[PDB]
Amino acid sequence: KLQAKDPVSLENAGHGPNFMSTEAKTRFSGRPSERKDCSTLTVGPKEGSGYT
Amino acid sequence: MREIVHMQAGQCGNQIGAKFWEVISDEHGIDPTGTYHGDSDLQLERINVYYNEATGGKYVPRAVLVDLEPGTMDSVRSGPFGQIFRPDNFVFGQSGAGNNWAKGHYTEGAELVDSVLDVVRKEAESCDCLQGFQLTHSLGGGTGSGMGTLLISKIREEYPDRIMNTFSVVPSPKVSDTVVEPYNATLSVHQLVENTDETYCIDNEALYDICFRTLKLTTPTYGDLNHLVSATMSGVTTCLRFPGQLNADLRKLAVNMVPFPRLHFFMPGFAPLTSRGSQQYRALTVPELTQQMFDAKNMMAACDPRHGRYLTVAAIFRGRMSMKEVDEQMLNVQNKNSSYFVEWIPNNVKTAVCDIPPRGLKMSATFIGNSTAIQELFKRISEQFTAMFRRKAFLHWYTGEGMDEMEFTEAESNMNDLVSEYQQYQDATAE
Amino acid sequence: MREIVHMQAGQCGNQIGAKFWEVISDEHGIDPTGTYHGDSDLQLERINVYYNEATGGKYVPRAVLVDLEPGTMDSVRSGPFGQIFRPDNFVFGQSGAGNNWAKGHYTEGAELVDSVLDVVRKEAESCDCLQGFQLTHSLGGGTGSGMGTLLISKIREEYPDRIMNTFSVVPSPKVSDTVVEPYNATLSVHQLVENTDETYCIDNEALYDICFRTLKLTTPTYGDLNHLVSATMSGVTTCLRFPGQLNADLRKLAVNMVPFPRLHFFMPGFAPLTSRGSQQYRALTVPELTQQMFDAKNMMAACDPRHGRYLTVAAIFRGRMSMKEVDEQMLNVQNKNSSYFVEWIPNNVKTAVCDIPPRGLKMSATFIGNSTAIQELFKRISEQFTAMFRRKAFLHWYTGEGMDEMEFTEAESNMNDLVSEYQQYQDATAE
Amino acid sequence: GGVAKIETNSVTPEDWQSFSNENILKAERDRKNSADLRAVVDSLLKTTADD
Amino acid sequence: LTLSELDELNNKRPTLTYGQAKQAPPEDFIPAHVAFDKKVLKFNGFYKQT
Amino acid sequence: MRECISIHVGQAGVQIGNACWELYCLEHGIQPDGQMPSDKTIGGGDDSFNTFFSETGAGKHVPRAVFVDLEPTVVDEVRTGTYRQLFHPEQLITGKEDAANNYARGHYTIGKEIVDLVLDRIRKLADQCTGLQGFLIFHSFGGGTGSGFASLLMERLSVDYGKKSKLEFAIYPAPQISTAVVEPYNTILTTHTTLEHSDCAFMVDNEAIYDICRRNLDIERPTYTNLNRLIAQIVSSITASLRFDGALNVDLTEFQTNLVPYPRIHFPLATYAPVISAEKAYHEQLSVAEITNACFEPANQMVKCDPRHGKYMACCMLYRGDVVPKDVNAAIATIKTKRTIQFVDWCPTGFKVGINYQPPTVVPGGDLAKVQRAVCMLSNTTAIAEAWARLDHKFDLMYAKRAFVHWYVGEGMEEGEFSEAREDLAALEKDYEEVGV
Amino acid sequence: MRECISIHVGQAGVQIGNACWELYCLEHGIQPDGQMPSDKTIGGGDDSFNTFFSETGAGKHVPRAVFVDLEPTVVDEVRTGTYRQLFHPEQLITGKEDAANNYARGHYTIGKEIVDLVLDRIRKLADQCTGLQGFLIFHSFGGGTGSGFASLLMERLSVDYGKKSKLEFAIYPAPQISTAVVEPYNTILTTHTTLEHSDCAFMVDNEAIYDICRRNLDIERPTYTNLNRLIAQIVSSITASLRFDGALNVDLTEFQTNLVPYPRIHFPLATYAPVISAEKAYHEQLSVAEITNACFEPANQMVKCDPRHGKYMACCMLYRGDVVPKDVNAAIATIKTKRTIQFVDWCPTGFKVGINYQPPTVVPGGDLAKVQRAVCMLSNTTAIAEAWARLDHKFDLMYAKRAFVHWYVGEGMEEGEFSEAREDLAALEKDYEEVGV
């Protein structure tokens, strides 16, 4: 897992790509920008953005 | 909405076109009845390239099936996936010579050409884009070469702007199986030079070589040779049918291989090809695909590529790939064997990566070579022809229907100019 | 990601390599199908040294099986754990030489060598960080001696820097098993001296003695014989596969054990080995492991390090032990038995401790010794060679399919030079 | 049918127990801090009235 | 000895040739600019003026 | 106000545009069906989407792009894909016959039947636009539609519009890696056409992007999706000054004025820093000095071109995120004390920096990591003359024997445009020489 | 401001570094994922970790270490072990083929494949250093990458830097216990770079550490883990003065200018006290006078050479914990009147005292006791000539008939290197003999 990556073999967890699947349909899935559920994680201290 | 109208001429044409139609019908999900049973919208979105919808939701191949004698066409109607064809585009003659280019091109071929031309006009006017024409004939016979070259001449005179490729199964020294093969090939190669845009020359002894050493099979029969030819045929139009990262249709392939109008005699190949007992023991990758294509024992033409120089190589890869391995494998091949590539054209590789592999294979590739080593078959056929023509043997069978020996001399001379042109563009340096 | 290519030559090499591959598949948790059914991540930690990931989850061994006649490869394929091998890695010819160095090296071995070299080139190209080659064969045969030494030579000019290991089953002092065995042994070690990086000399007489006086076992059987040799083979390449406290690969062993470029014939030894009636009477501890490891009866060759002198010693331990007591035992063995160690080299025992023992054992050790005692074996083969060569016994073939007496003369001279070198470095003084 | 869909999110049975255990330990840790602050506020409500 | 040890031979014994399983630290850290990205709180207001 | 019109031409253009508009929708919070999330909010202004998206009034955020190709494959792939209700169906334009890697076919035969309709759509978009900042034409110099019809569209747009800027994002062929044999012909013809009708021509290679994805993002097997995501990051960092607000801002009109000295040298290089995966991102500080050094590293350019074989002329650096203007001219000072990075003598001040406080947007399921600071470098070095000379040598090898020239003569061209392009390219070499000396 | 970069080269170097960094993490309260749970630190204030760790700004603490091996193994064990998240991925540099106990392999052929990676990583760690103070380098003389590549890295490091302090913590070969064969060859081939590229070099013997673990720690089953734990405690006691606060304290410059009299005489004895188990710390008082007396014992040194056969040239004591300078003065008065310890006549005052009030910390699963006080005694002494004499006897014994020289000669090394390195070590012995008469 800590080697140089392969998106094709890392598609579908680790079992490789799907039958009759094209690159644009697999990659450009139109997923929304995820908002992390950091309830169990420990968020580091805020450093402030450029607006601050 | 590009499309190709297909033509089968002769017994070999009607066999290796039948196998081509059933393998692409399997790729497109078409039943032997004709009703779709696939799983993806990609499998129908570009089905208009080869099929016509009919009333009742059934797809018909856009093919014209021509033979002088109607035994092979009864066989192709009887074969599996044989009932998808229309019965209108089944053109037959009552008589018919066979293994006689004069009596396939001049006599009993001058009146059946009107019927096949009418069918071609019908199938071409039933179109909106009409990318082009695909003839799957074979040199050596009468109606394969004579009627086939007459069809190519008529089509080139009618539509001289559409892409139009012939395949041809050009004669071999060892398998032979016909006395008049040098005459039949010599009388048709100059017509192919003048008219055909892409000639994908296949050879029977090379197909037997593949099914003997590459994949074992212990009895290659005839269906496996046709399946190799059919997979090679399907690997060229996979950019026309299925989408991919980098696309190349027939016109792009013609532009990016042929440098000059007369040098359009490609030699094809296919990868992967494994034995049935060692298919699960192989790591199928793009580098190993390149290993298999760039090899003398894999090419489906009888020429050894090491005996000349590559002008251009087309690699039509199929599958979920990374473009960097494709580019670096082609460049490593060129940089290693740079002596076998012409130096006045840098980077002699056209690359087309499609996203849909053929069924049963995860990672496939189709090879096309414009090698200058293709002149060995032409020199061989020329010396066989001049051996049979130095004393005029089997010549009354050709001159009984108005053909002159000056036609034979002109065909031999033009074939010699083709050989000399290939020699010149092999030995030419960046002066 | 260091990796070696295994190469079995002769029928002895084929059986011993099948035994080695099945026991290493048991060590790495590979089923006879070829998949993985183990219980730890450390088995796939370094699975690439011996196995290749076929697309489909199968692990194919990186082995080349060579035989002149398809004999024992049928047994290898039809026995258990024989389906893992790729069927394209079996190389055979239609004839079979058998116990003839000249036929196995010049007439029949010269036809298979191109195919074997192609297969080995393919395996080394499949490698990306190749460590070297490990060839198993027997001295006293036609394919094991002749074809094996031809392969060793050819791969020596192919890869002049990779580490070359040979596991050679050497003739026993008693019981012949072959009457041209001194001829084959001399004519093969003439190549083994100057073409191998390290050679492990193994003989059935000492292995049978181990099986009776150490393991009782009533009926030894070549399965257990090749099991003992394969356990040594698995022990010698342990640090390449599993993490440890002191790593040592084959290059490390060669550097620390080969003082002079000709002196590289070792006596292997594996010594967790207890009779089944005495498992309840021993404690598997490091001092007892060291004692049975340095015992003369445990040696897998008939030569006596008590009669000779240890130049260098390599001890590879497996298991979660201490370092201090291992180092203390290696110092203590020399400090008591200082008459069997040459004193112009101080502390001539190398230690390589790995964390993971083999399955079913708390701890393990394997012993690789470069004694000067091995000159007795070459003296035996030399006088058994000259007793035949002084009356031209069995020489009519070796002159028939193409050698002179000069080759036998040079082989005998090289063997006697090796004997003189071993003697001079045995009796050389400290200062 | 069932449909092959891989698995993605699925926890080991000792990870499932460790999710509920560390929720209880985090809630107990914040409960004793409130109990520490409750004794602070109660104590200063007596001293400030006395001062 | 008892011959039932042949049937007891196929028992699952505690495999320990690979040592004790090392404990792994959970991935319970995330930087603030990655944890709180794209998170905006929207409200509505009057802002009365005279 | 402050809007630009995107023109994605070619298969490379359409795929780059897919990546670009996915990044733009994720940056502005627009759903793939062109709607706001309503219950979720993305934050940031009221008109910080109008550069690329025009509002219908019912909440439909239709973009400002024209995807055009002479092939129904790559564009119907978009029409089938997840962004099927985002684009107006008249924006996505397909021909019937392919250009077949032929500049003559794409410029004289097949381009003319579709050029009128694509300029009609461009006119409709520009009439919708209040005041246009410029066009962004995404294509490839390799061949076909991106070299032919694209140059035709540039000529017609320069005739019809004039003073409006036409920025190019050109996928220029690698010195060694290429996927076609007529690429020198197509590149020299399209460059001779765009040398007289462009204002700026940002070059992005492919082999260099393979090098970036291999060394930096440690992807040993990269596809075109990662390359297009990097190019999308380049163009997003370019236009973030127009889109958001903050510190020092530069617009696309005078990007050129602070970039190109003479109206011949308009081929700036590209660089992005940082380009790091999710593993090697939270273990580094990512300071402004570090990202400026990562921009100035020779093995970090977006084009296979060593910047040490030539002098710099202008460097426009666009910083994004937690970037204070103290650190920018603290790092630029160290760059100027460095002597291996040697600037041209007639340009004492050769930096134009623009700082926006908006960090870059990470795509879900992508390869780049969420970094607090980033910088996109646009260099105008003289070192690209090596690539120009390699193109000239390849053209000489191919044109010495007139190979693959009948394909261009028989579909519209004369045999004088090849020589005209060649002498124009040699003139470009000599202009670079006199600029350098 | 201060930092200390630690390089760990070789299998022995990486195995020292594992225990070193677990001890540093437990000293600074850093969890293996890479952040502190609390903010204030017991002893030192706030930035007491800058000598070893660096802030990413977001709360991640990355060590200032470079773990280098010419081998996938061991460094992959670190990369897949407990501390897989603490270490930066690019500061663990691995090769492909091991040097196989060959100085020629490690120095001439395969070292010059990742010597530039480790140098670039060193430069990038030094760029994050505000004021850099140390280059603590950990390796062994057993051979391979710990000798040849350590020599190559030390040579390039000393020509690049040189105003810094390059300290060595070398695993010198023990007089009679050794785990290899060509150890004298490798040690003599690498002793030149310890002579003329090192500011100081502390060399230990594995059997000396074995003996002190067997006697003091009561471990009849000692292991390399215990050896690395003791060596890590020694290095922590050396470097605690930079990070933690306390009384009169010595940084590396003061230490190495009060330790070495001459540039070639920089090879001191190492001793740690009280090396003690917990069930024996229940019985011992562990007072300052008795731990100083335990430091002045023949069977307590890290290297097997009896100090009664030489003259103590200088001693630097570093005390930690409940230590008062009054108690130190009493202990020094006790030592200076002992007839067993004698000094050179040209060193009237021969003690340099550093004090910290931070006691050493213990690791779970460890072997040392939690002592209230400790002392590291580092003494430049002429009695180390025994080790060089034994090594030269072994090397001459093997080199009398040219054993194993064919490996080095064929692996790109001239045969005169052995002779000239032997001459250099003979000169070093001559200096150490007649420096103290």
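Which chain is which? They are A, B, C, D, E, F and G, in the order written, and residues in each are numbered from 1.
FYI, a contact is a pair of C-beta atoms (placed from the backbone, for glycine too) under 8 Å apart; a residue touches a chain by one contact, two chains touch by 3 or more.
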Worksheet entry | Winner on C-beta contact pairs when A-G is weighed against C-G | C-G
Discussion item. Using CA atoms only, can you tell me which chain is the most central one in this structure?
Written reply: A
Discussion item. Taking the mean of the C-alpha atoms as each chain's centre, how many Å separate chain A from chain D?
Written reply: 30
Discussion item. Using Cα averages as centroids, what's the distance between chain A and chain E in whole Å?
Written reply: 18
Fill in: Inter-centroid spacing, chain G versus chain B (mean Cα positions, whole Å)
73
Worksheet item: Among the residues of chain G, which ones contact at least 2 other chains?
Response: 34-35, 56-60, 89
Worksheet item: Name the touching chain pairs, would you?
Response: A-B, A-D, A-E, A-F, A-G, B-C, B-F, C-E, C-G, E-F, E-G, F-G
Worksheet item: Once bound in the complex, which stretches of chain E touch chain G?
Response: 22-29, 31-33
Response to the item:
chain D contacts chain A in the complex at 6-8, 19, 22
Discussion item. Quick check on the complex: what are the chain A residues that touch chain E?
Written reply: 33, 35-36, 38, 40-47, 49
Practice prompt. Show which residues of chain G lie in contact with chain C when the two form their complex.
Written response: 11, 15, 71-74, 76-77, 96-98, 100-102, 144, 176-182, 184, 206-207, 210, 213-214, 221-224, 227, 393-394, 397-398, 400-401, 403-404, 406-407
Worksheet, complete the sentence: Seen from chain F, its contact residues with chain E in the complex are 29, 41-44, 282, 359, 362, 370, 372
